[PDB]
Structures are given as structure tokens and as C-alpha cells.
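Residue numbers (the authors' numbering), protein chains in the order written: chain D, 3 to 55; chain H, 3 to 55; chain E, 220 to 272.
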Amino acid sequence: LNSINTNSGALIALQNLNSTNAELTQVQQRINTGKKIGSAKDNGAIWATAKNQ
Amino acid sequence: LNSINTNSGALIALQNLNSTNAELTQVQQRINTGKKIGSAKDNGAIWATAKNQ
Amino acid sequence: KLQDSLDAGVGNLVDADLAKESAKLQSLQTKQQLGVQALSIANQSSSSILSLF
């Protein structure tokens with residue numbers, strides 16, 4: 003703490019901002035492709051079921 | 003008292019300053035997180051209830 | 220997150236607390252000037268006995 007080298011608080015703030023960015027990316031992907039499950043990466047089982055259907 | 007070797011007043015001022023910096027860190031946490039109970043360290047009980055719910 | 224934690228641990232291990240170093244610097248500069256003046260007063264000791272001859 004109170005040092006000119008490490009800055010752990012910026013690291014925690016960056017982790018939080020990256021989580022918010024991942025959430026916004028997933029939501030814009032839903033908005034763009036129109037599906038809550040657009041690929042096997044989203045959820046493999048229901049995706050394969052929808053493909054066979 | 004009145005010596006070149008020790009300075010208790012700077013020690014006490016440093017303690018109060020570290021307390022203020024810790025409060026600033028917790029405020030930045032609640033700001034970038036959006037939650038007042040963002041982890042088990044903040045409070046285990048309501049956080050555990052929120053996870054299960 | 221693990222790399223961030225390891226960097227925070229290195230910083231906890233080796234970083235210095237600069238705010239304490241500021242007061243230490245001020246007090247040691249005053250102590251050094253006081254020690255130089257004391258050494259000069261110690262150097263002046265031999266002058267007195269020339270007057271008594």
C-alpha cells in the first residue's frame with residue numbers, strides 16, 4: 003500500500019470493467035443475431051437439439 | 003518530545019490518511035461493481051443468501 | 220486474476236512506504252546538519268590552550 007510501484011486497486015477496477023465489457027458484448031450479440039443461443043459456445047445441448055429440429 | 007529522532011504526529015496523520023484511502027478504495031469498489039455486497043469479504047451471510055437465491 | 224494476485228504479492232513483499240520516508244528524510248537532513256555542527260564544535264577544542272601560553 004501507498005507505493006509508487008504496484009497499484010492493486012487499478013487491477014481490481016480493470017477486472018470489474020472487463021466483466022462489464024463481457025456482459026455488454028454478450029448482450030449486443032443477442033441484439034444482433036436475435037438469439038439467446040446462437041452457437042455451441044452459448045450452450046451445446048440445446049443448440050444441437052435445435053439443429054436437429 | 004521535541005526531538006530529532008521520532009515524530010509521533012506524522013505517524014498519527016499517516017494512520018488517519020490510510021483510513022481515508024481505505025474508505026476511498028471501498029467507495030470505488032461499490033461504484034465500479036454496482037453492489038454494496040460484492041463478495042464474501044464484505045459480508046458472508048447476505049452474500050451467501052444472494053448466491054443461493 | 221492469478222497473475223494480478225501474484226503481482227500484488229510481490230508488491231506487498233518489496234514495496235516501500237514513501238510517506239514514512241518523507242518524514243525520515245526531513246528528520247535525517249536536520250540530524251545531519253546538527254552532526255556537522257557538532258563535529259565542528261568538537262574540532263575547535265584545541266584552540267583554547269594556545270591562549271594560556
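Every residue, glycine too, gets a C-beta built ideally from N, C-alpha and C.
Could you check whether residue j and residue i sit closer than 7 Å to each other, using their CB atoms as the reference points?
i	j	result
residue 21 (chain D)	residue 227 (chain E)	no
residue 275 (chain E)	residue 8 (chain D)	Examination of residue 275 (chain E) is not possible in this model, given that chain E is present from 220 through 272 alone.
residue 6 (chain H)	residue 250 (chain E)	yes
Secondary structure at residue i, three-state DSSP: helix, strand or coil?
i	result
residue 222 (chain E)	helix
residue 8 (chain D)	coil
residue 271 (chain E)	coil
residue 30 (chain H)	helix
residue 19 (chain H)	helix
residue 48 (chain H)	helix
residue 3 (chain H)	coil
residue 238 (chain E)	helix
residue 41 (chain D)	coil
residue 230 (chain E)	helix
residue 55 (chain D)	coil
residue 36 (chain H)	coil
* Flag this pair as touching only if the stretch 12-31 of chain D and the stretch 16-35 of chain H have three or more C-beta atom pairs under 8 Å; answer yes or no. => yes
* Asked: Mind listing which residues of the stretch 10-34 of chain H have their C-beta closer than 8 Å to chain D's C-betas, in chain order?
  -> 20, 23, 27, 30, 31, 34
* Asked: Between the stretch 235-264 of chain E and chain D, which residues of the former have CB atoms less than 7 Å from a CB of the latter, in chain order?
  -> 235, 236, 237, 238
* To do: With 8 Å as the limit, tell me which residues of the stretch 38-51 of chain H have their beta carbon closer than that to any beta carbon of chain E; keep them in chain order.
  => none
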